[PDB]
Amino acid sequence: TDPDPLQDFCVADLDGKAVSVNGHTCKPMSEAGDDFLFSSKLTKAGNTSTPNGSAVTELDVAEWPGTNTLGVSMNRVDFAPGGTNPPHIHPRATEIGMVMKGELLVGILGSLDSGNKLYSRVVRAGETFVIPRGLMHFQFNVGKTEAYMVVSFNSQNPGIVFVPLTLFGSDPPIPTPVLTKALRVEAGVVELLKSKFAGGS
């Protein structure tokens, strides 16, 4: 897990020309003021008019510098009806989440030695779920209304590996012959899938 802190506070210095280290260097405490332990960035719903039909509003260290060294972060996710937060992985954290409104099918997948088991449940307001570090998982809005959840992590920067976008729309894309061997389908099918992720999101 994230390295433990070595003092009370260490607000991230996010200037483009700051020295680079594991994590972030910190502002002098003299320059921090009173408000660094607080945020209002998750107060508003994100724009769900995206190809996925969901929107992620992040509150990692890049958006909340006061989290630097403290071992935590939070995101909000909003969903249109029938929208998905697609199969994804956090390389550097466990996630713990609560549904705030609506009805979400939440799925969590075991690794190979767990027989790739899929656990899935419809989760409603006030109900919670846990995603062990590094495992593939997804959410799907099964209600007729807009849904939203707020999720927390045991890292200041968990990372997000979106599985469809990474497989089919990386920069540059994975070669077609690699994908035909891996996916057990013809080139035409692979090229169709790539055409859907060419725009970069």
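From 1 onward, residues are counted along the sequence shown.
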{"query": "Per the entry, higher mean C-alpha B factor between 154 to 162 and 42 to 50", "finding": "42 to 50"}
{"query": "Stretch exceeding the other in mean C-alpha B-factor - 139 to 147, 31 to 39", "finding": "139 to 147"}
{"query": "Among 71, 126, 87, 115 - the residue whose C-alpha B-factor is largest in the record", "finding": "115"}
{"query": "CA B-factor placement of residue 92, once the chain's modelled residues are sorted into thirds", "finding": "lowest"}
{"query": "CA B-factor ranking of residue 110, expressed as a third of its chain", "finding": "lowest"}
{"query": "Third of the chain's Cα B-factor distribution that residue 175 belongs to, per the entry", "finding": "highest"}
{"query": "Residue 80 by Cα B-factor - lowest, middle or highest third of the modelled chain", "finding": "highest"}
{"query": "Record-listed C-alpha B factor of residue 1: chain third", "finding": "middle"}
